[PDB]
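Engineer: task: produce atomic coordinates for the following.
(chains A, B, C, D, E, F and G, ligands or ions: 1)
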Amino acid sequence: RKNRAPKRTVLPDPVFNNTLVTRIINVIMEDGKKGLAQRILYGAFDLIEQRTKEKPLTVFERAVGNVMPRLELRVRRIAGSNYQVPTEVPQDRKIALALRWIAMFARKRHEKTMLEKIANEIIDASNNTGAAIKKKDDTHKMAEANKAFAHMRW
Amino acid sequence: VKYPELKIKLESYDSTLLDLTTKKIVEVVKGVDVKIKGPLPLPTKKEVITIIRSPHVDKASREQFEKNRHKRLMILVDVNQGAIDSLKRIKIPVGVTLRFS
Amino acid sequence: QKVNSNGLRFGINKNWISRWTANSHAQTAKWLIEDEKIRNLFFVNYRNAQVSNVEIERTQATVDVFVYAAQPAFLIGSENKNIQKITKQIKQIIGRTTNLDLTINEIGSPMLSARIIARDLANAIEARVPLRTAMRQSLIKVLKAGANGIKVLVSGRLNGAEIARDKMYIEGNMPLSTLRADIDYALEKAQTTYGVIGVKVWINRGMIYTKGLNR
Amino acid sequence: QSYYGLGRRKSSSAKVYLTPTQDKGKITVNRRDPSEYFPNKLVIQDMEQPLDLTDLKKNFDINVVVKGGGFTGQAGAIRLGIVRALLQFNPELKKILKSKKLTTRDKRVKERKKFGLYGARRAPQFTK
Amino acid sequence: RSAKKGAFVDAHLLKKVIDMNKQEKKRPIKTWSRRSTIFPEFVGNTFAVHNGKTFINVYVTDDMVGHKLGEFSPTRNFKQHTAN
Amino acid sequence: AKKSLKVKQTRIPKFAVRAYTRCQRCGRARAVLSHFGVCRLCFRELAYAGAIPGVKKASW
RNA sequence: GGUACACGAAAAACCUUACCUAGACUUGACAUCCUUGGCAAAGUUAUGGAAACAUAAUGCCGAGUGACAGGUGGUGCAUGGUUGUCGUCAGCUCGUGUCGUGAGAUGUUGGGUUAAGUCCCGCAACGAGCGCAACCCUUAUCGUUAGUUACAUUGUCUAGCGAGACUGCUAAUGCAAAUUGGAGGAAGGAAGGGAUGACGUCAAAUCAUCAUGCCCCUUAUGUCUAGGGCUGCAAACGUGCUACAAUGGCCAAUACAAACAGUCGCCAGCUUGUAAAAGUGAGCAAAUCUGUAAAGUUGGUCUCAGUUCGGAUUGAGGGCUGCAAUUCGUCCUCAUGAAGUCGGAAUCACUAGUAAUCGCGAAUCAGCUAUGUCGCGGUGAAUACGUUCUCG
Ligand SMILES: [Zn+2]
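Structural biologist: Residues are numbered from 1 along each chain as shown, chains lettered A, B, ... in the order given. What follows is the structure:
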């Protein structure tokens, strides 16, 4: 086992003034290169002003609010043919998983160029389509179906 | 004079011994000779050699030694030929190896 | 499997045994392979002198071999007949243009040096002396000299087969784990009639506090 | 009135000079602009976040010389030099600079490549 | 490729092949140097080149020019795999 | 066949590339250090003995 | 098996080399002792030879003599030494004493406290040893001695010394160790890391480093030499590399390290060369001179497909080392472009400057598809809710 693990701090970006944007730029990073992902995300921002003219922060928070999952799933088995257990997860991991879903689903689509695909991903997340809201809805629907296990668990 | 800029450079594989030698030279030169700027530290050329421990394969456990080589530098403004006469009797140890201008 | 206790403190608590330098890796190898021959000749050919160690000091075609032996006269010989002999083997193993100027000096309280005690253990064991009583006599005589704890262990054929019957002896404070310890270590190959006997001796020679660096 | 400092993040030194000047500060690093030297990212923004919690480039010139490391280490070194320079200019800044944990020399540096480990932490692989 | 007098021979095999070529051109002569390349003069003779066990004969022809002498002598056999 | 390798290594070679490096004390023709002419394990044993002028324990 | 599989071996065209074929040699290639002496020792050129070699000649060394020399021949189930794993895991024991007829137990147990048998309270136990701890090195801050070959819109910097951090102070709670909180402070409660690895286990590995008893060989299992083979080939596994593409392909401009190494070498600059390179020719025994960082930024083209991705395979022409590149080196240019659009059961690594990823240096070595290893710096993450399961 181990004890409780402290978390390293993440600094907000003082240009759009949101630390969730910093977690965006962190998760969408590959190879350990802030510059390339930074240009990608800022081009996506410029596209947000370009089509569907609206505050990028507003569509950002709307996408975060729609994609966030209400409940999580935890494995607690007894014997063969294991059974799941839905438990409660704090908001930090909830937004972390929402961002992870946005990142993974963005790089799974048509419109080959990253700029338009990630922009369409954030647009769909704001508008509640099957791109990512489908996954959250499914993971919610497996929850509260076997909630009898959730009530009596440990 | 007839021999300005005696640029003696001393190099050794030990530090405290070289420090003792340079202290002795700076104290002895502190007599007749003048205008001798202090000791000059140098980046201490360093290398590391790595050797496997076991006579047989055992590659995952190997150690490594290190042959340190410290380095200082002196410059003498002028010979003051009597000064080199006093210099003839320094008898520096073998560990410090000298190299003048 | 543990590290040699000599090497861990060597170079930071113990001065080197051969201080010299030459042209970069041109014949420094030659000088090392040569003076190790002198070292081996001292430790091998003359058992009766109990040479603790030898110091080799070369600088550009000069050599001075300081020696520390319990009994200097055997190296000296009678009316200096042996000193000239030993120095001429040293010459013929070093060349002819290099001055030699050897010196021999008795070592005060030699019995606190693990080298001579290990050599005595090798001599006793090779002579079919029962190992346990030889260990006890040597251990008592060493400890009585006013030193700290000792560690003597012996492997090999202890008068027969099934060598996994090895005896070890530990008699007080001898802290390997302490770097500032002033510990001594040696090793000899007691070539018994049944094979090879390796004797190892650890000597604790007091605290070495405030040393700063090597002596 | 020159104000001094020093920063040493990730094998990168940084000597700074600050003077209260007429303009907002006229950022000049290595006699050239930061915009073309450092790519326009949060890295160029990081140096004035010490200033944000203070008089934000009211009148404080920037005269910095930089050596060593890459550019992020350069940015950390110059940031620490700046915070030291403000501390030298005014002691009253300890309570607000240290609270945000801007000083104190983060000292996160590439470790030594330990043998048996590919990048000082990675084992080759496991096989039974 | 040698790039300077590229056609290379051990320089000892020249004398006997030149002699024989001007001495009624005897076919069987024992050679071991797989090191050599062939000059244009080489065409005409046979040689008992050594692979590592014994001598195998090779007849040189003008059809090829420039290829190594020893390449005509295979040294390693084929698979000959058993069933299991 | 080891001692004959010792004597062959010493003899002047017919070709510049004929000769190779080898420890003087023993004939291990592998891992020999040109900077010391001494085998890696030989180097280790002599360094624990301390014949080499400069040897430490690596902390670097 | 973990603890073997980019291992011995930090470099096999010849040697290496221990194997095979063939050529030759025999107190022998090499060593001592016995007897006898004092001038050749090597290397060089014809000569037959592929070459050991027989020649003929130039310029410490010899001649007869047995113990024998020699063995990479065997026995790690005789071994010394060395090393791996449990494992940097917290464990292993001893002296006196007591209990028990006895093996044995009591210390080492009980409570809190930690990474720890770390400490302290209780205790028929009192103490002690190995280990752990701290003493070492190294990075993180400041002060000083020093100033070049650094630096010099200058005190950076390097390397020596010293200070600093010692639960130091405060709050709580505890008997006390100690725990947590706060202030100061660069760092606060083993600061990051290295070096250091107990008794022993696995008859663990190594007789092929070395030494090594015993056995075996000796005009041969020893010696030298030329060629080959250690690089094969129906197949399978292991560790790596390139990828399978637009986070990208290509083109032009473009700046940013650190460490290490180098006078038979690094190679500046220049010329020729589509290029491998070739030539000229400084400086550099070196903080001087040299060994152009790549990622990154800007601009442009490419527009999603076995492709302007991908590079094997194959053919040719050049280059370099080396006497020499067919087994059996490598680089450059031209020519074609396999297969692969993310991969089955299953698995591995990692808690930060780490992973990933970008390059740079060194070693053995003249040459090395080392993509290996050993090191240096650039950019630069997520999460640890928690121990129910799983591994030990
Ligand atoms: Zn050796």
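Engineer: contacts for the host helix or strand of residue C:137?
Structural biologist: Using DSSP states H and E, the element containing residue C:137 is helix C:131-144. For helix C:131-144, contacts defined as C-beta atoms under 8 Å, 6 or more residues apart in numbering or on different chains pick out C:111-112, C:117, C:120-121, C:124-125, C:150, C:152, C:154, C:158-159, C:167, C:169, C:171-172, C:203. Quick note: C-beta positions are derived from backbone N, CA and C, even for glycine.
Engineer: and for stretch C:118-127?
Structural biologist: Counting by C-beta under 8 Å, 6+ apart, C:47, C:50, C:131, C:134-135, C:138, C:152, C:154, C:186-192, C:197, C:199-201 sit against stretch C:118-127.
Engineer: show me where the chain has helices.
Structural biologist: Going with chain A. Using DSSP state H, the helices of chain A run over residues A:19-27, A:34-50, A:56-67, A:91-106, A:114-127, A:133-142, A:147-151.
Engineer: try again with chain F
Structural biologist: F:3-10, F:40-49.
Engineer: of all those helices, which one is nearest chain A?
Structural biologist: helix F:40-49 (37.2 Å; C-beta to the nearest C-beta).
Engineer: mind saving the C-alpha coords of the closest one as CSV?
Structural biologist: Extracted C-alpha coordinates of helix F:40-49, given in CSV (Å, rounded to 0.1, in the frame of the first residue of the first chain):
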residue,chain,number,x,y,z
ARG,F,40,39.3,-4.4,-17.1
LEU,F,41,39.3,-7.0,-14.3
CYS,F,42,43.1,-6.5,-13.9
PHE,F,43,42.5,-2.8,-13.7
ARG,F,44,39.8,-3.3,-11.0
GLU,F,45,42.1,-5.5,-8.9
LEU,F,46,45.1,-3.2,-9.2
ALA,F,47,42.9,-0.2,-8.4
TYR,F,48,41.5,-1.8,-5.3
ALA,F,49,45.2,-2.5,-4.6
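Engineer: is that helix in proximity to chain D?
Structural biologist: No: with C-beta under 8 Å from any C-beta of the partner chain as the criterion, chain D is not reached by helix F:40-49; the gap is at least 14.6 Å.
Engineer: circling back: dump the helices of chain A to TSV, plus mean neighbour count and distance to chain B.
Structural biologist: Below are the helices of chain A laid out as TSV (neighbours: other C-beta atoms under 10 Å in any protein chain shown; distance: least, C-beta to the nearest C-beta, whole Å):
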stretch	mean neighbour count	distance to chain B
helix A:19-27	17	36
helix A:34-50	16	34
helix A:56-67	18	47
helix A:91-106	17	37
helix A:114-127	20	43
helix A:133-142	14	44
helix A:147-151	12	47
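Engineer: between the ones you listed, which one is nearest to the ion?
Structural biologist: helix A:34-50 (52.3 Å; C-beta to the ion).
Engineer: same for the closest one, what does it pack against?
Structural biologist: For helix A:34-50, the packing partners by 3 or more C-beta pairs under 8 Å, 6 or more residues apart in numbering or on different chains; DSSP states H and E come out as helix A:19-27, helix A:56-67, helix A:114-127.
Engineer: of all these, which lies closest to residue F:45?
Structural biologist: helix A:19-27 (52.4 Å; C-beta to C-beta).
Engineer: now the angle from that closest one to helix A:56-67?
Structural biologist: Taking axes from the mean of the first three to the mean of the last three C-alpha atoms, to 10 degrees, helix A:19-27 and helix A:56-67 form an angle of 80 degrees between their directions.
Engineer: and the closest residue to chain A within chain B, how many neighbours?
Structural biologist: Per C-beta to the nearest C-beta, residue B:60 is where chain B lies closest to chain A, at 27.2 Å. Neighbour count of residue B:60, defined by other C-beta atoms under 10 Å in any protein chain shown: 12.
Engineer: before we move on, back to that, deepest-packed of the helices of chain F, please.
Structural biologist: Among the helices of chain F, ranked by average contacts under mean count of other C-beta atoms under 10 Å in any protein chain shown, first place goes to helix F:40-49 (a mean of 20).
Engineer: show me where chain C has strands.
Structural biologist: C:18-21, C:51-59, C:63-69, C:103-106, C:150-154, C:167-170, C:183-190, C:197-204 (DSSP state E).
Engineer: which among these is found nearest to residue A:79?
Structural biologist: Per C-beta to C-beta, nearest to residue A:79 of the strands of chain C: strand C:167-170, 53.1 Å.
Engineer: residues contacting stretch C:186-195, please?
Structural biologist: Outside stretch C:186-195, the residues touching it (C-beta under 8 Å, 6+ apart) are C:113-115, C:117-119, C:121-123, C:125-126, C:128, C:156-157, C:159-160, C:196-201.
Engineer: now the helix holding residue C:137: buried residues?
Structural biologist: C:131, C:134, C:135, C:138, C:139, C:142 (16 or more other C-beta atoms under 10 Å in any protein chain shown).
Engineer: show me what contacts the residue nearest the centre of chain E?
Structural biologist: For chain E, residue E:69 is the residue whose C-alpha lies nearest the centre (C-alpha atoms, centre = their mean; 3.3 Å). Applying C-beta under 8 Å, 6+ apart, we find residue E:69 in contact with E:31, E:33, E:34, E:35, E:36, E:37, E:38, E:47, E:49, E:58.
Engineer: ok so, going back, now the contacts of helix C:131-144: which count as buried?
Structural biologist: Buried among the contacts of helix C:131-144 by 16+ other C-beta under 10 Å: C:111, C:112, C:117, C:120, C:121, C:124, C:125, C:150, C:152, C:154, C:158, C:203.
Engineer: please report the distance of the fourth one from chain A.
Structural biologist: Taken as C-beta to the nearest C-beta, to the nearest Å, the spacing of residue C:120 relative to chain A amounts to 55 Å.
Engineer: nearest spatial neighbour of the residue of chain B found nearest chain D, skipping sequence neighbours?
Structural biologist: Nearest residue of chain B to chain D (C-beta to the nearest C-beta) works out as residue B:60 at 5.5 Å. Once flanking residues are discounted, residue B:60 sits nearest to residue D:116: 5.5 Å by C-beta to C-beta, 6 or more residues apart in numbering or on different chains.
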